[PDB]
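K.L.:
I need the structure of the sequence given here:
(3 chains, ligands or ions: 5)
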Amino acid sequence: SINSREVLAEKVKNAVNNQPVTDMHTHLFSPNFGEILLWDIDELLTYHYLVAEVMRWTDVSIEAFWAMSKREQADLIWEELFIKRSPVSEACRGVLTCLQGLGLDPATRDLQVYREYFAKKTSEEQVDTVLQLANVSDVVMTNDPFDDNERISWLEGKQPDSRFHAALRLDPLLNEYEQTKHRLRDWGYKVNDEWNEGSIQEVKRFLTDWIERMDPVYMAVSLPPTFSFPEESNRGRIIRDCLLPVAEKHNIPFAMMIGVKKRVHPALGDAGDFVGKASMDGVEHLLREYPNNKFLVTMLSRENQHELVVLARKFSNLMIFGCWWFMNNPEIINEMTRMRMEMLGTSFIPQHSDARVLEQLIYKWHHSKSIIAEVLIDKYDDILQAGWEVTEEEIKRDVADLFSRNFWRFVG
Amino acid sequence: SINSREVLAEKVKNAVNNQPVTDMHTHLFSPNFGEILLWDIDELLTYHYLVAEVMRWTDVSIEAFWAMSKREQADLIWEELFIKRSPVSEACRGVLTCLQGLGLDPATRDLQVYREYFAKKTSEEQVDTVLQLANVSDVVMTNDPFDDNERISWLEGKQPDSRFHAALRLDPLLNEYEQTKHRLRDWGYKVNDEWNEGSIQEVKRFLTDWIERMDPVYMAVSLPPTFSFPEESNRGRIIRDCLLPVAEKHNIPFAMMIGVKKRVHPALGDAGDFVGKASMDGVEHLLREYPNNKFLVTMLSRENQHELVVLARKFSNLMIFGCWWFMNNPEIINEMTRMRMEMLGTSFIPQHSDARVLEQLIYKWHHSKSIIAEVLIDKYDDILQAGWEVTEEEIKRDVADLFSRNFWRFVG
Amino acid sequence: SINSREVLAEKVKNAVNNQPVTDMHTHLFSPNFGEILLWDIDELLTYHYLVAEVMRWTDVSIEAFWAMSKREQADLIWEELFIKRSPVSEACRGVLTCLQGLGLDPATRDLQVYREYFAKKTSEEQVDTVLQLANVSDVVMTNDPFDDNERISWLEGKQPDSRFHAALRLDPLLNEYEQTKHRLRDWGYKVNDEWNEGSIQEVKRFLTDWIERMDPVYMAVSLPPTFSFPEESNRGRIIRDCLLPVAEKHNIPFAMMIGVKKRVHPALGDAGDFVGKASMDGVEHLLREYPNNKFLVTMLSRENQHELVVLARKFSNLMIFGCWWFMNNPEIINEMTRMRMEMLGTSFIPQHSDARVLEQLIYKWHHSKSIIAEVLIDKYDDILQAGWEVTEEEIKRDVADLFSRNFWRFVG
Ligand SMILES: [Cl-]
Ligand code: NA
Ligand SMILES: [Zn+2]
Ligand SMILES: [Zn+2]
Ligand SMILES: [Zn+2]
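P.N.:
Residues are numbered from 1 along each chain as shown, chains lettered A, B, ... in the order given. Ligands and ions are numbered 1, 2, ... in the order given. Below you will find the coordinate block:
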């Protein structure tokens, strides 16, 4: 069987590369939703990650940059980040990995040629190509019923194809209730100005109608470093009186992405969000006091990772997932995954892509799978050295859990 | 001499493997204490570490689990964590390492056969076997005069054999004084309800009588993330008015294990403790204001490790030790030991086992020694490359300090 | 071209070793300043880093140590840290690396011979030797107009040679204004007891006169973990009403070294400073509200590093630099540099020496360059594997930025 690191390394890498991936959180959409689905070499280069980076070098003002056309911005970013300096950053490295995967050749640095490749395909075609290259079988979307464009599709009866699943984003409802309350009553949900039984019932109705319309795998929200629960606030009262009860009834997990400090640099748009360490008290309280509720959690601060792992050791109704945003870097992904496996075995979800542009699925999963594989190799090899015997079939099983089964199993 | 990494690597590993270990903190007992000393493949599998992990997978309710028999629980944990998924976690890896060390063969996964091995031995026999395999020469125990069972032995005149040393655990006195005060006066220590000269003298008497009865290498307590000193509280007043003065007089170190948040998940029993980052202010104050007192410290939060190292650079009356609990994982042990050696040389104690079940001493020390060795190899090799010459005898000396001499030297 | 890791590794290491270094922060002085410039094997051994370490081992009281002569202290430290135990610590390793670089041989452990080497050279000669060995082209000093000795040189018209640049240290003005205000009015700066327009104008005049007299590359200050801004305090008012306006007018960057907790152990002198994690709020506020001001920042806490990197992604007027003090260790330098490059590409300054003794420049840069090189090799190799082609000339360019261009470019 397997009784050599070399043999093991090969079996593991294969299992990992071949395993069909369920990306449980992304910003992609079923191609039939139209425009909202982004793909293009230009889309890749104008990803907010690179906008932030380009602004550290270029002399072009942020206003001017926003004034430029998508292609113009893409030309500037390519010049500033790939030509004037080596594309060593993770985000840049990712653009190259995408090109290479599609069959293009970074060696030539021919942006005009790369562009021609996309110009002759359709959304549906690129989707099949990318999902095939990245070996992604299922894509969970981020569906926000507060976005006018997005809401049209849903109200018109449009459904995503079997490859894409919905997830109900509630940020506007939980974090901006004072403004959102108006739009609710505007849509027929008679919430009053004061928080009473009437408002509670309507907000629950709102949630139920959308759960019914989207059939989401989970409801989610991104929270600031200062998040706490319980709390006398709109968010605290809504989570307690509406979200949790509804989620328990429909057995839908509540996904919390904690740690983002919104718009510390407004002019940068989506590139202007920062990070902060959060207290674990609110998450600990939710897990303990709501045993019949399920929670998916990922945190933005490097300093929250270890304790999050320990918290998962305490509560089975907590499923932690991915290396989110500023954590989505080789150095962090490696330390996070090792700490996670060492204390949780395989009872967690290693990664998600958070892709905003279709092609990212390629590098996102390529870059992470190689790291995850190395970790697996070390852990399998360690028990192997302890005289334990791992079969290739067990490896495929474990890998199946990490990249797909654990999620579906949890969302039950 | 040694002028090749390969040569060095061999000399170092040998020195490390051969060096007799003094485990300065465990939850083991001199076999003559009877039952309290745990050993068994079943004991290993039901270690709270694995209980936490199994609960993340199994459908068996926590109540049912506690309802099961030791063997039943052990069967469930083996099935859920070793058969249904690969035992890649550190705690699981450790069980295998123990089996292999005793001569059993994990390859067969024959739990019934492994069990037979233990069924035919006596406590005294297993002790000699394990201590020999783990190459542990001395074991410091955790002796709590507040536990009825444990207190019987001491009051009956029972003494541990020369291989086991006592350590006075004071958690109940320091963290639960309101409840403990009653038991004290119950034992003849006339402490009053209010904290006055009378109460102070009696608590000191209590400490002195037990110091005299146990001849402990140190007095110890585990503290929450919110620990602070000075503090107007029972703990603060007791440490100031009684513990520190008595410790100085008898020249006994005060061991503080900081960072545990007790019972965040009650149902899990010993598996329900969490972690939190602590402020260094209290430790800094103690070290500076009590120069004639010695302090042994270990912290639970990953985020406290680096600053703890720096604090050790400031005060020689501080001796830091081990990679405690949630820190006892390869990824953390490696980063901790490297930061420690880089800033403290060899003036610290790398590890302790915290073993609750006898056999753990095997993997606990096996897993850590390999990591510590790798660190040593890198550090010796670095000065070697700088034209310095290290003798095998110097290596044995350094290794002697790390695994035994530093502790005994500090406890003077 | 370069299409093999081995080939790449060689090209990178060469580029790194050959690249002339601009050390943007040190405690060295142009030799013509005289005594203040420290150099010697004895100076190296009595560097506060080793004083802290020796005190963890030796029985010599701290008073006695301070009573000893420089040579006596150097003998004690050598015996205690190099002979009685292996010099595995980073600071010790550094002393050896220095010896070896100067051509001496650590293998003999002949302290008396090493000493003879220095006894026959002059300041000017050692400077040329060291700067040549360390391949350092430019050295930024720390110039404090509050130190009497240092202030004499400046008032006497003494200028440093083209290799040394001035940096205006303002700690006494910002952190000890209540005491410093007296010395100011003492020097003709008519600041009143209360903070009014008069005081503001005089403090600005003070800053302007010294900017004019030193022509500094930046103004700097070291701050405590509790640093915050805005703040109703002398520091907060001085930064707002004087420092920032003057800095904008003269386009001089403001360098903040955050995280030092001064004198937690007074007796240890310069060896008695501790560390603490800081809030990023003050830095975030400064960067956002003063877009026309430039900021150089380095932090002392390991727990501030990642977020500092993310903050740099948000603001181009923020330039982060080095692995400061307790961060200047292999384990930390590696994690810091990897996180930095992964999120910032090459838009940052990897390291500075902080040398207090001339020869340190040798090991300081030797130890860091090897680590930085390894990171570069991994990042170049990663894009190489993505089909990108890096030329040796591009590598030399990138390396030029990291070790010199980014700084000068930023200080404009
Ligand atoms: Cl932290
Ligand atoms: Na690491
Ligand atoms: Zn997202
Ligand atoms: Zn313990
Ligand atoms: Zn400095």
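K.L.:
mind listing what the residue in the stretch 51-200 of chain A positioned nearest to ligand 1 touches?
P.N.:
Residue nearest to ligand 1 within the stretch 51-200 of chain A (Cβ to the ion): residue A:90, separated by 23.0 Å. (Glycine included, C-beta is placed from N, CA and C.) Contact partners of residue A:90, counting by Cβ atoms under 8 Å, 6 or more residues apart in numbering or on different chains, are A:328-330, A:367, C:342-343.
K.L.:
of those, closest to chain B?
P.N.:
Nearest to chain B among the contacts of residue A:90 is residue A:330, at 14.7 Å by Cβ to the nearest Cβ.
K.L.:
How much space separates the closest one from residue C:327?
P.N.:
Distance of residue A:330 to residue C:327, computed by Cβ to Cβ, to the nearest Å: 20 Å.
K.L.:
Which parts of chain A are strands?
P.N.:
Using DSSP state E, the strands of chain A run over A:21-23, A:136-140, A:164-165, A:168-169, A:219-223, A:254-258, A:260-261, A:274-275, A:295-299, A:318-320.
K.L.:
And the contacts of stretch A:166-176?
P.N.:
Residues contacting stretch A:166-176 (Cβ under 8 Å, 6+ apart): A:25, A:140-146, A:160, A:179-180, A:184, A:203, A:206-207, A:210-211, A:214-223, A:234-235, A:238-239, A:243, A:255.
K.L.:
Just the buried residues of the residues you listed.
P.N.:
For the contacts of stretch A:166-176, a burial check counting by 16 or more other Cβ atoms under 10 Å in any protein chain shown picks out A:25, A:140-146, A:160, A:180, A:184, A:203, A:206-207, A:210-211, A:214, A:216-223, A:234-235, A:238-239, A:243, A:255.
K.L.:
which of those are close to chain C?
P.N.:
By Cβ under 8 Å from any Cβ of the partner chain, no member of those lies near chain C.
K.L.:
Among these, name the ones in helices.
P.N.:
Of the buried ones among the contacts of stretch A:166-176, the ones assigned to helices by DSSP state H are A:180, A:184, A:203, A:206-207, A:210-211, A:214, A:234-235, A:238.
K.L.:
what about the longest helix seen in chain A, near chain B?
P.N.:
The single longest helix within chain A, with elements called by DSSP H, is helix A:360-384. Yes: contact of helix A:360-384 with chain B (Cβ under 8 Å from any Cβ) involves A:376, A:379-380, A:382-383.
K.L.:
Can you tell me which of those residues lies closest to ligand 1?
P.N.:
When these are compared for distance to ligand 1 (Cβ to the ion), residue A:379 wins out at 26.9 Å.
K.L.:
rewinding a little: determine which two of the ones in helices among the buried ones among the contacts of stretch A:166-176 are furthest apart.
P.N.:
The span of these, defined through Cβ to Cβ, is set by A:214 and A:234 at 22.8 Å.
K.L.:
does any bit of stretch A:397-406 sit next to chain B?
P.N.:
Yes: Stretch A:397-406 is in contact with chain B by Cβ under 8 Å from any Cβ, via A:397-398, A:401.
K.L.:
Looking at the residues you listed, state which has the most neighbours.
P.N.:
residue A:398 (23 neighbours; other Cβ atoms under 10 Å in any protein chain shown).
K.L.:
For it, which residues are in contact?
P.N.:
When contacts are counted by Cβ under 8 Å, 6+ apart, residue A:398 touches A:346, A:376, B:85-86, B:88.
K.L.:
Next, format the residues you listed as JSON lines and append distance to residue B:317 and neighbour count.
P.N.:
Output for these, formatted as JSON lines (distance: Cβ to Cβ, whole Å; neighbours: other Cβ atoms under 10 Å in any protein chain shown):
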{"residue": "A:346", "distance to residue B:317": "44", "neighbour count": "27"}
{"residue": "A:376", "distance to residue B:317": "45", "neighbour count": "27"}
{"residue": "B:85", "distance to residue B:317": "47", "neighbour count": "19"}
{"residue": "B:86", "distance to residue B:317": "46", "neighbour count": "24"}
{"residue": "B:88", "distance to residue B:317": "41", "neighbour count": "23"}
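K.L.:
Can I get those residues in JSON lines including distance to residue A:291?
P.N.:
Formatted as JSON lines, the contacts of residue A:398 follow (distance: Cβ to Cβ, whole Å):
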{"residue": "A:346", "distance to residue A:291": "23"}
{"residue": "A:376", "distance to residue A:291": "32"}
{"residue": "B:85", "distance to residue A:291": "23"}
{"residue": "B:86", "distance to residue A:291": "28"}
{"residue": "B:88", "distance to residue A:291": "27"}
